[PDB]
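Pasted below: target-v8.cif, mmCIF, C-alpha atoms and all ligand atoms.
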```
data_query
loop_
_atom_site.label_atom_id
_atom_site.label_comp_id
_atom_site.auth_asym_id
_atom_site.auth_seq_id
_atom_site.Cartn_x
_atom_site.Cartn_y
_atom_site.Cartn_z
CA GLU A 2 -172.48 -58.15 141.38
CA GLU A 3 -169.50 -58.09 138.98
CA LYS A 4 -167.50 -57.13 142.14
CA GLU A 5 -168.85 -60.24 143.81
CA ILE A 6 -167.93 -62.30 140.77
CA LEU A 7 -164.43 -60.86 140.78
CA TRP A 8 -164.02 -61.23 144.53
CA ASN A 9 -165.19 -64.82 144.42
CA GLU A 10 -163.03 -65.87 141.50
CA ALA A 11 -160.21 -64.02 143.27
CA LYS A 12 -160.62 -65.98 146.51
CA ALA A 13 -160.82 -69.33 144.77
CA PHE A 14 -157.83 -68.58 142.42
CA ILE A 15 -155.44 -67.25 145.12
CA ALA A 16 -156.03 -70.12 147.52
CA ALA A 17 -155.40 -72.67 144.75
CA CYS A 18 -152.44 -70.81 143.31
CA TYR A 19 -150.63 -70.20 146.59
CA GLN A 20 -151.32 -73.75 147.73
CA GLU A 21 -149.67 -75.04 144.56
CA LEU A 22 -146.79 -72.59 144.97
CA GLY A 23 -146.34 -73.72 148.58
CA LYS A 24 -147.29 -70.17 149.76
CA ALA A 25 -150.49 -71.04 151.64
CA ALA A 26 -149.71 -68.90 154.72
CA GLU A 27 -149.53 -65.72 152.60
CA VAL A 28 -153.07 -66.16 151.36
CA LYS A 29 -155.08 -64.41 154.06
CA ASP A 30 -152.99 -61.26 153.86
CA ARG A 31 -152.85 -61.15 150.09
CA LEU A 32 -156.62 -61.65 149.96
CA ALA A 33 -157.19 -58.80 152.39
CA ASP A 34 -155.01 -56.59 150.15
CA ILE A 35 -157.09 -57.70 147.18
CA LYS A 36 -160.41 -56.92 148.86
CA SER A 37 -159.41 -53.27 149.47
CA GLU A 38 -158.12 -52.88 145.92
CA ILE A 39 -161.44 -54.16 144.57
CA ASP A 40 -163.33 -51.93 147.04
CA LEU A 41 -161.19 -48.95 146.09
CA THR A 42 -160.49 -49.46 142.37
CA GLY A 43 -163.13 -52.00 141.28
CA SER A 44 -160.41 -54.41 140.37
CA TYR A 45 -157.00 -55.82 141.22
CA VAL A 46 -153.60 -56.43 139.66
CA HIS A 47 -151.92 -59.82 139.66
CA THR A 48 -148.38 -60.22 140.94
CA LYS A 49 -145.84 -61.53 138.48
CA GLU A 50 -145.95 -64.90 140.25
CA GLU A 51 -149.68 -65.23 140.07
CA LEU A 52 -149.94 -64.15 136.45
CA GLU A 53 -147.36 -66.75 135.37
CA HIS A 54 -148.97 -69.51 137.41
CA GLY A 55 -152.48 -68.61 136.25
CA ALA A 56 -151.34 -68.81 132.63
CA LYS A 57 -149.93 -72.24 133.27
CA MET A 58 -152.96 -73.38 135.17
CA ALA A 59 -155.10 -72.18 132.36
CA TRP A 60 -153.20 -74.42 129.92
CA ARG A 61 -153.45 -77.33 132.35
CA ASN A 62 -157.27 -76.87 132.41
CA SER A 63 -157.63 -76.71 128.67
CA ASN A 64 -159.82 -79.79 128.17
CA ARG A 65 -159.37 -79.80 124.37
CA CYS A 66 -155.51 -79.83 124.44
CA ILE A 67 -153.53 -83.05 124.02
CA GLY A 68 -150.31 -81.21 124.72
CA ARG A 69 -150.84 -80.37 128.34
CA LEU A 70 -148.01 -82.59 129.77
CA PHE A 71 -145.81 -79.54 129.40
CA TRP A 72 -148.07 -77.01 131.15
CA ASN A 73 -145.57 -76.04 133.82
CA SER A 74 -142.76 -75.02 131.40
CA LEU A 75 -144.97 -72.46 129.55
CA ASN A 76 -142.89 -69.36 128.90
CA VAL A 77 -144.84 -66.34 130.15
CA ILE A 78 -144.15 -62.83 128.88
CA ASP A 79 -145.76 -60.02 130.90
CA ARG A 80 -146.66 -57.00 128.72
CA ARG A 81 -149.30 -55.32 130.92
CA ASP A 82 -147.12 -52.28 130.60
CA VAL A 83 -147.86 -51.72 126.88
CA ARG A 84 -149.69 -48.49 126.10
CA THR A 85 -149.02 -47.82 122.38
CA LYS A 86 -149.71 -49.57 119.16
CA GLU A 87 -146.01 -49.67 118.33
CA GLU A 88 -145.44 -51.44 121.65
CA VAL A 89 -148.17 -53.97 120.90
CA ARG A 90 -146.78 -54.58 117.39
CA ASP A 91 -143.24 -55.02 118.69
CA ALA A 92 -144.46 -57.36 121.43
CA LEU A 93 -146.17 -59.49 118.85
CA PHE A 94 -143.04 -59.52 116.58
CA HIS A 95 -141.01 -60.50 119.61
CA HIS A 96 -143.30 -63.34 120.60
CA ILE A 97 -143.09 -64.76 117.06
CA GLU A 98 -139.32 -64.60 117.21
CA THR A 99 -138.85 -65.89 120.78
CA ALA A 100 -141.42 -68.59 120.37
CA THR A 101 -139.93 -69.78 116.99
CA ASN A 102 -136.45 -69.95 118.42
CA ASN A 103 -134.95 -71.03 115.05
CA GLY A 104 -137.26 -74.03 114.85
CA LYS A 105 -136.81 -75.23 118.45
CA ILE A 106 -140.24 -73.89 119.37
CA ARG A 107 -140.98 -72.57 122.92
CA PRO A 108 -144.49 -72.78 124.36
CA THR A 109 -144.94 -69.06 124.94
CA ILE A 110 -147.71 -66.70 125.96
CA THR A 111 -147.51 -62.90 125.75
CA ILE A 112 -150.07 -61.19 128.20
CA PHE A 113 -151.29 -57.67 127.41
CA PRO A 114 -153.42 -55.43 129.78
CA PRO A 115 -156.72 -57.02 130.95
CA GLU A 116 -160.12 -55.58 130.17
CA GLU A 117 -161.13 -52.90 132.64
CA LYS A 118 -164.89 -52.41 132.83
CA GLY A 119 -165.28 -55.14 130.21
CA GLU A 120 -163.58 -52.46 128.11
CA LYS A 121 -160.68 -53.92 126.13
CA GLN A 122 -157.36 -52.09 126.25
CA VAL A 123 -156.00 -54.04 123.16
CA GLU A 124 -158.27 -55.91 120.74
CA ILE A 125 -156.41 -58.40 118.44
CA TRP A 126 -158.31 -59.20 115.25
CA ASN A 127 -156.15 -62.14 114.08
CA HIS A 128 -157.20 -65.72 114.97
CA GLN A 129 -153.53 -66.71 114.82
CA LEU A 130 -150.59 -64.34 114.59
CA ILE A 131 -149.31 -66.27 111.56
CA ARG A 132 -152.07 -67.34 109.20
CA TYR A 133 -152.78 -67.37 105.46
CA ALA A 134 -155.25 -65.20 103.59
CA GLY A 135 -158.36 -66.59 101.96
CA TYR A 136 -160.23 -65.28 98.93
CA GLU A 137 -163.43 -66.25 97.04
CA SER A 138 -163.80 -64.19 93.88
CA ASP A 139 -167.06 -64.91 92.01
CA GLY A 140 -166.57 -68.69 91.94
CA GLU A 141 -162.76 -68.47 92.38
CA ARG A 142 -161.32 -69.94 95.64
CA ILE A 143 -157.78 -68.88 96.61
CA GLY A 144 -155.83 -69.55 99.78
CA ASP A 145 -157.29 -70.61 103.12
CA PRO A 146 -161.12 -70.27 103.20
CA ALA A 147 -161.05 -70.09 107.01
CA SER A 148 -159.45 -66.70 106.62
CA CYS A 149 -162.04 -65.29 104.12
CA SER A 150 -163.82 -62.82 106.42
CA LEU A 151 -160.72 -61.53 108.22
CA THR A 152 -158.97 -61.15 104.79
CA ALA A 153 -161.93 -59.12 103.50
CA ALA A 154 -161.87 -57.00 106.71
CA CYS A 155 -158.14 -56.31 106.24
CA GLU A 156 -158.75 -55.39 102.63
CA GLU A 157 -161.28 -52.80 103.83
CA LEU A 158 -158.54 -51.07 105.72
CA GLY A 159 -156.27 -50.77 102.73
CA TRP A 160 -154.24 -53.94 102.88
CA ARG A 161 -153.97 -55.89 99.59
CA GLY A 162 -152.92 -59.55 99.34
CA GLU A 163 -150.91 -60.90 96.40
CA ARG A 164 -153.53 -63.67 96.06
CA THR A 165 -151.21 -66.61 96.30
CA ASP A 166 -152.54 -69.56 98.18
CA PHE A 167 -150.21 -68.62 101.03
CA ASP A 168 -150.33 -64.81 101.47
CA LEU A 169 -149.43 -63.99 105.11
CA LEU A 170 -152.13 -61.89 106.79
CA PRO A 171 -150.88 -58.76 108.43
CA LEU A 172 -151.06 -58.37 112.16
CA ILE A 173 -154.17 -56.39 112.78
CA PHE A 174 -155.49 -55.00 116.07
CA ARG A 175 -157.24 -52.12 117.77
CA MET A 176 -156.32 -49.94 120.72
CA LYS A 177 -158.82 -48.59 123.27
CA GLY A 178 -160.02 -45.29 121.97
CA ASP A 179 -159.33 -45.80 118.29
CA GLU A 180 -162.36 -46.44 116.09
CA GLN A 181 -160.33 -48.53 113.57
CA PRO A 182 -157.73 -51.23 114.01
CA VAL A 183 -154.28 -50.78 112.56
CA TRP A 184 -152.43 -53.40 110.51
CA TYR A 185 -148.76 -54.21 109.95
CA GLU A 186 -147.25 -56.55 107.39
CA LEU A 187 -145.31 -59.38 109.05
CA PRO A 188 -141.53 -59.31 108.34
CA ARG A 189 -140.85 -62.45 106.30
CA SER A 190 -137.63 -62.98 108.20
CA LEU A 191 -139.72 -63.66 111.32
CA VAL A 192 -141.89 -66.38 109.76
CA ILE A 193 -140.59 -69.94 109.38
CA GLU A 194 -142.34 -71.92 106.72
CA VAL A 195 -141.93 -75.52 105.79
CA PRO A 196 -142.24 -76.95 102.24
CA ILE A 197 -144.04 -80.27 102.25
CA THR A 198 -142.08 -83.14 100.79
CA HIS A 199 -142.45 -86.88 101.16
CA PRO A 200 -139.64 -89.19 102.23
CA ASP A 201 -140.05 -91.69 99.34
CA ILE A 202 -142.19 -89.94 96.71
CA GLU A 203 -140.30 -87.19 94.90
CA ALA A 204 -143.28 -86.10 92.92
CA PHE A 205 -145.00 -84.94 96.21
CA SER A 206 -143.06 -81.68 95.75
CA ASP A 207 -145.14 -81.00 92.60
CA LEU A 208 -148.01 -80.12 94.94
CA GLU A 209 -146.17 -77.01 96.17
CA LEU A 210 -147.61 -77.32 99.63
CA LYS A 211 -146.21 -75.58 102.65
CA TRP A 212 -147.32 -74.55 106.12
CA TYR A 213 -146.03 -72.21 108.76
CA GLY A 214 -144.03 -73.43 111.73
CA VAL A 215 -145.77 -71.88 114.70
CA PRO A 216 -149.44 -71.82 115.63
CA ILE A 217 -150.06 -68.74 117.79
CA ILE A 218 -153.68 -68.46 119.02
CA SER A 219 -154.40 -64.81 119.24
CA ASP A 220 -158.21 -64.65 119.71
CA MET A 221 -158.96 -66.39 123.06
CA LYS A 222 -159.43 -64.66 126.44
CA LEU A 223 -157.23 -65.95 129.29
CA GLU A 224 -159.21 -65.66 132.54
CA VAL A 225 -157.36 -65.79 135.87
CA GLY A 226 -159.07 -65.19 139.30
CA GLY A 227 -161.75 -62.96 137.82
CA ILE A 228 -159.41 -61.01 135.57
CA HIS A 229 -160.05 -61.03 131.85
CA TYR A 230 -157.03 -60.96 129.60
CA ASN A 231 -158.68 -60.81 126.22
CA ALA A 232 -155.34 -60.21 124.45
CA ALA A 233 -152.97 -62.93 125.48
CA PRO A 234 -151.63 -64.82 122.35
CA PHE A 235 -150.15 -68.23 122.97
CA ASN A 236 -148.33 -70.96 121.06
CA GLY A 237 -147.11 -74.51 121.20
CA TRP A 238 -145.69 -76.61 118.40
CA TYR A 239 -147.96 -78.46 115.94
CA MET A 240 -149.24 -82.01 116.16
CA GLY A 241 -148.91 -83.21 112.56
CA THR A 242 -152.53 -84.21 112.11
CA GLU A 243 -153.58 -80.55 112.46
CA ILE A 244 -151.83 -79.66 109.23
CA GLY A 245 -151.97 -82.99 107.47
CA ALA A 246 -155.45 -84.04 108.23
CA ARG A 247 -157.36 -80.84 108.58
CA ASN A 248 -155.73 -77.69 107.31
CA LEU A 249 -154.52 -79.35 104.08
CA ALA A 250 -157.29 -81.98 103.85
CA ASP A 251 -160.69 -80.63 104.88
CA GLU A 252 -162.90 -79.83 101.88
CA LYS A 253 -163.59 -76.45 103.51
CA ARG A 254 -159.83 -75.76 103.90
CA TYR A 255 -157.15 -76.57 101.32
CA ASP A 256 -158.89 -79.78 100.18
CA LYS A 257 -155.73 -81.49 98.77
CA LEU A 258 -156.69 -85.15 99.08
CA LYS A 259 -157.40 -85.80 95.37
CA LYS A 260 -154.19 -84.10 94.39
CA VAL A 261 -152.35 -86.12 97.00
CA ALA A 262 -153.94 -89.22 95.60
CA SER A 263 -152.74 -88.44 92.12
CA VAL A 264 -149.14 -87.66 92.95
CA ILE A 265 -148.84 -90.81 95.01
CA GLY A 266 -150.26 -92.68 92.07
CA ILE A 267 -153.50 -94.14 93.42
CA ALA A 268 -157.00 -93.81 91.92
CA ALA A 269 -159.56 -91.49 93.63
CA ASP A 270 -162.53 -93.28 92.11
CA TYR A 271 -163.84 -95.86 94.62
CA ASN A 272 -164.67 -95.48 98.26
CA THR A 273 -163.79 -99.08 98.74
CA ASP A 274 -160.17 -98.37 97.75
CA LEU A 275 -159.85 -96.20 100.83
CA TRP A 276 -158.05 -93.64 98.76
CA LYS A 277 -158.85 -90.80 101.12
CA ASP A 278 -157.42 -92.82 104.01
CA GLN A 279 -154.24 -93.79 102.12
CA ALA A 280 -153.77 -90.23 100.92
CA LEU A 281 -154.33 -88.79 104.38
CA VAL A 282 -151.65 -91.10 105.77
CA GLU A 283 -149.05 -90.21 103.14
CA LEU A 284 -149.82 -86.52 103.49
CA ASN A 285 -149.37 -86.81 107.21
CA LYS A 286 -146.13 -88.69 106.80
CA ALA A 287 -145.10 -85.86 104.58
CA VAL A 288 -145.81 -83.20 107.08
CA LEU A 289 -143.86 -84.80 109.90
CA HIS A 290 -140.95 -85.65 107.61
CA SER A 291 -140.70 -82.10 106.25
CA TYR A 292 -140.87 -80.32 109.61
CA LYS A 293 -138.18 -82.69 110.98
CA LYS A 294 -136.07 -82.30 107.82
CA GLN A 295 -136.20 -78.56 108.42
CA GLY A 296 -135.39 -78.53 112.19
CA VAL A 297 -138.86 -77.29 113.14
CA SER A 298 -140.50 -78.83 116.21
CA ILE A 299 -143.63 -80.96 115.65
CA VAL A 300 -145.13 -84.08 117.32
CA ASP A 301 -146.98 -86.98 115.81
CA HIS A 302 -150.33 -87.99 117.24
CA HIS A 303 -148.95 -91.23 118.77
CA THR A 304 -146.17 -89.59 120.71
CA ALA A 305 -148.65 -86.78 121.69
CA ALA A 306 -151.14 -89.26 123.06
CA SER A 307 -148.37 -91.02 125.01
CA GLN A 308 -147.38 -87.74 126.50
CA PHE A 309 -151.03 -87.05 127.39
CA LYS A 310 -151.21 -90.44 129.09
CA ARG A 311 -148.31 -89.22 131.22
CA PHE A 312 -150.24 -85.99 131.91
CA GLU A 313 -153.17 -88.10 133.16
CA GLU A 314 -150.96 -90.12 135.55
CA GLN A 315 -149.35 -86.94 136.80
CA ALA A 316 -152.70 -85.29 137.63
CA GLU A 317 -153.87 -88.20 139.69
CA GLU A 318 -150.50 -88.61 141.38
CA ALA A 319 -150.67 -84.87 142.17
CA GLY A 320 -154.24 -85.51 143.48
CA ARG A 321 -155.90 -83.27 140.85
CA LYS A 322 -159.06 -84.02 138.88
CA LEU A 323 -158.53 -84.47 135.18
CA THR A 324 -160.76 -82.75 132.70
CA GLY A 325 -160.93 -83.34 128.94
CA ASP A 326 -163.06 -83.11 125.88
CA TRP A 327 -162.82 -86.58 124.31
CA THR A 328 -164.14 -85.22 120.98
CA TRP A 329 -161.08 -82.93 120.60
CA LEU A 330 -158.49 -85.03 122.35
CA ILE A 331 -158.83 -87.90 119.85
CA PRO A 332 -156.67 -87.40 116.75
CA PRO A 333 -158.49 -87.32 113.42
CA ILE A 334 -156.45 -90.20 112.13
CA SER A 335 -156.17 -93.65 113.70
CA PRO A 336 -157.93 -92.44 116.83
CA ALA A 337 -158.48 -95.99 118.12
CA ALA A 338 -154.72 -96.57 118.00
CA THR A 339 -154.45 -94.21 120.97
CA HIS A 340 -155.43 -94.87 124.54
CA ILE A 341 -157.52 -91.65 124.52
CA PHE A 342 -160.12 -93.31 122.32
CA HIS A 343 -160.64 -96.12 124.79
CA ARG A 344 -161.54 -94.05 127.80
CA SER A 345 -163.86 -91.23 128.77
CA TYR A 346 -163.08 -87.75 130.09
CA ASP A 347 -164.87 -85.30 132.41
CA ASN A 348 -165.45 -82.20 130.26
CA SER A 349 -166.08 -79.75 133.18
CA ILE A 350 -164.76 -76.23 132.97
CA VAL A 351 -162.18 -75.45 135.61
CA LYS A 352 -160.65 -71.97 135.91
CA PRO A 353 -158.21 -70.42 135.15
CA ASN A 354 -158.71 -71.17 131.45
CA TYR A 355 -158.79 -69.88 127.85
CA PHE A 356 -162.13 -69.05 126.24
CA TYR A 357 -163.49 -67.95 122.91
CA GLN A 358 -164.73 -64.47 122.61
CA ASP A 359 -166.70 -62.62 119.92
CA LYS A 360 -164.82 -61.73 116.73
CA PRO A 361 -164.98 -57.94 116.11
CA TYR A 362 -165.43 -58.19 112.32
CA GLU A 363 -168.15 -60.53 110.94
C1 LIG B 401 -146.59 -77.50 123.07
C2 LIG B 401 -147.24 -78.02 122.05
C3 LIG B 401 -148.72 -78.08 121.90
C4 LIG B 401 -149.38 -79.09 121.10
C5 LIG B 401 -148.75 -80.15 120.27
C6 LIG B 401 -150.79 -78.78 121.37
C7 LIG B 401 -151.78 -79.53 120.68
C8 LIG B 401 -153.16 -79.09 120.61
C9 LIG B 401 -154.09 -79.70 119.65
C10 LIG B 401 -153.90 -80.84 118.66
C11 LIG B 401 -155.36 -79.05 119.86
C12 LIG B 401 -156.62 -79.36 119.08
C13 LIG B 401 -156.57 -78.28 117.99
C14 LIG B 401 -157.57 -78.36 116.88
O1 LIG B 401 -158.01 -79.47 116.54
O2 LIG B 401 -157.89 -77.29 116.29
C15 LIG B 401 -155.08 -78.02 120.88
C16 LIG B 401 -156.14 -77.17 121.35
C17 LIG B 401 -155.96 -76.23 122.42
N1 LIG B 401 -154.78 -76.04 123.04
FE1 LIG B 401 -152.95 -77.06 122.87
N2 LIG B 401 -151.08 -77.73 122.12
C18 LIG B 401 -149.84 -77.33 122.51
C19 LIG B 401 -149.60 -76.15 123.34
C20 LIG B 401 -150.66 -75.34 123.95
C21 LIG B 401 -150.36 -74.21 124.84
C22 LIG B 401 -149.00 -73.70 125.21
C23 LIG B 401 -151.69 -73.72 125.23
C24 LIG B 401 -152.00 -72.62 126.17
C25 LIG B 401 -151.06 -71.96 126.80
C26 LIG B 401 -152.70 -74.59 124.60
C27 LIG B 401 -154.14 -74.45 124.76
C28 LIG B 401 -155.09 -75.09 123.91
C29 LIG B 401 -156.47 -74.55 123.86
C30 LIG B 401 -157.09 -73.49 124.71
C31 LIG B 401 -157.07 -75.37 122.84
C32 LIG B 401 -158.45 -75.39 122.29
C33 LIG B 401 -158.62 -74.16 121.48
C34 LIG B 401 -160.04 -74.17 120.96
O3 LIG B 401 -161.04 -74.50 121.65
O4 LIG B 401 -160.16 -73.80 119.81
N3 LIG B 401 -152.07 -75.54 123.71
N4 LIG B 401 -153.72 -77.94 121.32
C1 LIG B 402 -151.66 -73.41 121.09
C2 LIG B 402 -151.94 -74.44 120.03
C3 LIG B 402 -151.03 -75.45 119.74
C4 LIG B 402 -151.35 -76.35 118.71
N1 LIG B 402 -150.55 -77.36 118.35
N2 LIG B 402 -152.51 -76.25 118.05
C5 LIG B 402 -153.41 -75.26 118.32
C6 LIG B 402 -154.68 -75.27 117.47
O1 LIG B 402 -155.54 -74.14 117.51
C7 LIG B 402 -156.34 -73.99 116.33
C8 LIG B 402 -157.73 -74.47 116.66
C9 LIG B 402 -158.75 -74.35 115.52
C10 LIG B 402 -159.72 -73.20 115.89
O2 LIG B 402 -161.11 -73.54 115.67
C11 LIG B 402 -162.12 -73.51 116.70
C12 LIG B 402 -162.77 -72.15 116.94
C13 LIG B 402 -164.17 -72.06 116.94
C14 LIG B 402 -164.78 -70.83 117.16
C15 LIG B 402 -166.29 -70.74 117.17
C16 LIG B 402 -164.01 -69.69 117.38
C17 LIG B 402 -162.61 -69.81 117.37
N3 LIG B 402 -161.85 -68.71 117.59
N4 LIG B 402 -162.03 -71.02 117.15
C18 LIG B 402 -159.36 -72.79 117.32
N5 LIG B 402 -158.22 -73.59 117.69
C19 LIG B 402 -153.13 -74.35 119.32
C1 LIG B 403 -168.97 -79.86 116.73
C2 LIG B 403 -168.29 -81.14 116.24
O1 LIG B 403 -168.34 -82.15 117.27
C3 LIG B 403 -166.89 -80.80 115.65
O2 LIG B 403 -166.72 -81.60 114.48
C4 LIG B 403 -165.58 -80.94 116.47
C5 LIG B 403 -165.29 -82.33 116.80
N1 LIG B 403 -164.04 -82.64 117.19
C6 LIG B 403 -162.97 -81.87 116.86
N2 LIG B 403 -161.73 -82.23 117.28
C7 LIG B 403 -160.63 -81.48 116.98
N3 LIG B 403 -159.41 -81.89 117.46
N4 LIG B 403 -160.74 -80.34 116.22
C8 LIG B 403 -161.92 -79.92 115.74
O3 LIG B 403 -161.92 -78.80 114.98
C9 LIG B 403 -163.15 -80.73 116.08
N5 LIG B 403 -164.41 -80.43 115.69
CL CL B 404 -153.92 -74.43 112.82
#
```
Using structure tokens, write down the structure that the file contains.
Amino acid sequence: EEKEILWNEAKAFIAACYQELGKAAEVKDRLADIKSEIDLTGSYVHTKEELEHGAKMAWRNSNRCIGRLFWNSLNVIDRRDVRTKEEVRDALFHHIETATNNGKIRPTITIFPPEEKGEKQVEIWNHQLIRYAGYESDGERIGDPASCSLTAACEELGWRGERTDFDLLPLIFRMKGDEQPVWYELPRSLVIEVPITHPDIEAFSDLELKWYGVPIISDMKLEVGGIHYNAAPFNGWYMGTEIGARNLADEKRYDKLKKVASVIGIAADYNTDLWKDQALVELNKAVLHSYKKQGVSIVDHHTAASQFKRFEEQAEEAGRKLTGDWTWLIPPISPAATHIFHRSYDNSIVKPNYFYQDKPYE
């Protein structure tokens, strides 16, 4: 039954993939090869070509992503060879470095060995490779509350955070056969960070805000023609709203709006003043300004949406269905100023694709 699943996802994936790659005539033979391997081993191994194209396809099918125009230039690193924890760690350091690229960020995915019998070869505990710790000490909130449970799980295993608002979590992960994950402190020289300043308002620096350059999702399974790559971290660059309007603004995250309001010299007393809205805008201006001042790639939600419009035209012109999740595609500020807001999307799940999977702690 799982063999039938795998076989079926394999047939559908290879036909689509080779058709796209112009290699249609090779399909029958490659499929025959695959059927034996699954008969003999209970699985199969992607070629380099397939793995790269599956990764890209998976990004192109990610309904919630506004950034998909650039799906086909994804930079795919194949690390199915890794067998040791040192090799996993060094792969992850390398990805950080090669994806950061001194600020000129490269959309990059590093692919580790797939699950076998639903048994994971490498289990990565981080949600993102770079992410800040979160603490809640008897009333006292420090850092990023999203990270509270992972931070506590790291601190079980003998890591200790300095308890700044921006402690970097260690890389933490578990190898098949070990009962406990290992953790490694990130080398600071690998992590770009950006101080948040405002173009006009010098006092904004009094907030002492910063964010990291590169968002590297490290907790989603990439699935390609029946094969389950649970450990396959990927990155793009940020859209400014993600930092400016959620990570720094949500009440359940850094919750900076009142402080923003103060330093930009408006009152946070009356809803009718639209102080949250004004503050959100200046904070978001800030973010894009600071990342550009520092040479770190970033996109604003207007330019992102325009690019996504182009992705829509391209799909149709290529004769492919478009899928999307309207609720995630719309930016959380000035959504109606984008074309996305004014149309609907088909939120079907097409594979290959990225998927959530259970967190090992919690
Ligand atoms: C190149 C620059 C990129 C930008 C600006 C971009 C932008 C976005 C944004 C704004 C979201 C919504 C995030 C949120 O609200 O939490 C998102 C979600 C997503 N993106 Fe993209 N992205 C980019 C690259 C990529 C790449 C390279 C992949 C895969 C290879 C990808 C796969 C996804 C997935 C799977 C989600 C949804 C994750 C979830 O459900 O939590 N993104 N991205
Ligand atoms: C690759 C990439 C580029 C870019 N500019 N931005 C991103 C944003 O990813 C962060 C978001 C926020 C996270 O929250 C949703 C979520 C929900 C649940 C239940 C589990 C989980 N792991 N993640 C997951 N993705 C990713
Ligand atoms: C479940 C509920 O719809 C939830 O608020 C969603 C909505 N839309 C979103 N859209 C984006 N881009 N990011 C998010 O984290 C959410 N959260
Ligand atoms: Cl984020």
Distance limit 6 Å, reference ligand LIG 403 (chain B), atoms considered: only C-alpha atoms and all ligand atoms. Which residues make the cut? Give them as a count of residues only. 3
What is the distance, in Å and to one decimal place, between atom CA of residue A:64 and atom CA of residue A:324? 5.5 Å
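Counting only C-alpha atoms, the residue from A:250, A:158, A:169, A:232 that sits nearest to residue A:134 is A:169.
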How would you report the residues lying within 7 Å of ligand LIG 402 (chain B), as a ChimeraX atom specification, if you count all atoms listed in the file? /A:128,216-218,220-221,235-240,357
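Around residue A:89, within 10 Å and counting only C-alpha atoms, the residues found are residues 80, 82, 83, 84, 85, 93, 94, 95, 113, 123, 125, 174, 175 and 176 of chain A, once anything fewer than 4 positions away on its own chain is removed.
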Tell me which protein, DNA and RNA residues are within 10 Å of residue A:104, counting only C-alpha atoms, leaving out same-chain ones fewer than 2 positions away, and put them as a PyMOL selection string. chain A and resi 98+100-102+106-107+193-194+214-215+238+292-293+295-299
Expected file: the selected residues, C-alpha atoms, as a compact mmCIF listing (two decimals), in the coordinates of the input:
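The resulting out24.txt:
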```txt
# COMPACT_ATOMS: atom_id res chain seq x y z
CA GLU A 98 -139.32 -64.60 117.21
CA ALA A 100 -141.42 -68.59 120.37
CA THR A 101 -139.93 -69.78 116.99
CA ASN A 102 -136.45 -69.95 118.42
CA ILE A 106 -140.24 -73.89 119.37
CA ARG A 107 -140.98 -72.57 122.92
CA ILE A 193 -140.59 -69.94 109.38
CA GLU A 194 -142.34 -71.92 106.72
CA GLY A 214 -144.03 -73.43 111.73
CA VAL A 215 -145.77 -71.88 114.70
CA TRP A 238 -145.69 -76.61 118.40
CA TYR A 292 -140.87 -80.32 109.61
CA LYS A 293 -138.18 -82.69 110.98
CA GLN A 295 -136.20 -78.56 108.42
CA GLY A 296 -135.39 -78.53 112.19
CA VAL A 297 -138.86 -77.29 113.14
CA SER A 298 -140.50 -78.83 116.21
CA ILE A 299 -143.63 -80.96 115.65
```
Hey, what's within 12 Å of residue A:229 if we count all atoms listed in the file and toss same-chain stuff fewer than 2 positions away? As JSON, numbers by chain, please? {"A": [6, 7, 10, 11, 44, 45, 46, 47, 52, 55, 56, 112, 113, 114, 115, 116, 117, 118, 119, 120, 121, 122, 123, 221, 222, 223, 224, 225, 226, 227, 231, 232, 233, 352, 353, 354, 355, 356, 357, 358]}
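Distance annotation: of A:195, A:67, A:13, A:187, the residue with the minimal separation from ligand LIG 401 (chain B) is A:67; atom set is all atoms listed in the file.
For ligand CL 404 (chain B), the neighbouring protein, DNA and RNA residues, which are those within 7 Å when all atoms listed in the file are counted, are residues 216, 243, 244 and 248 of chain A.
Take atom CA of residue A:30 and atom CA of residue A:16: the distance between them is 11.3 Å.
Here the question is which of A:234, A:49, A:279, A:168 gets nearest to residue A:108 using all atoms listed in the file, and that residue is A:234.
As for atom CA of residue A:36 and atom CA of residue A:8, they are spaced 7.1 Å apart.
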Please identify all polymer residues lying at most 10 Å from the point (-160.4, -77.5, 100.6) (file coordinates), using all atoms listed in the file, and present the result as JSON, numbers by chain. {"A": [142, 143, 144, 145, 146, 147, 247, 248, 249, 250, 251, 252, 253, 254, 255, 256, 257, 258]}
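Among the candidate residues A:159, A:4, A:192, A:68, the one lying nearest to residue A:41 is A:4, with distances computed using only C-alpha atoms.
With all atoms listed in the file as the atoms that count, the residue of A:339, A:177, A:196, A:361 with the shortest distance to residue A:151 is A:361.
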Please give the centre and size of the box around stretch 206-223 of chain A (axis-aligned, containing every atom listed in the file, 3 Å added per side), with values in Å to one decimal and written as lines of an AutoDock Vina configuration file.
```
center_x = -151.2
center_y = -73.2
center_z = 110.9
size_x = 22.4
size_y = 23.0
size_z = 42.7
```
With all atoms listed in the file as the counted atoms, please give the residues lying no more than 9 Å from residue A:325, apart from itself and same-chain residues fewer than 6 positions off, as a VMD selection string. chain A and resid 62 to 67 345 to 349
From A:69, A:303, A:81, A:96, residue lying nearest ligand LIG 401 (chain B) [all atoms listed in the file]: A:69
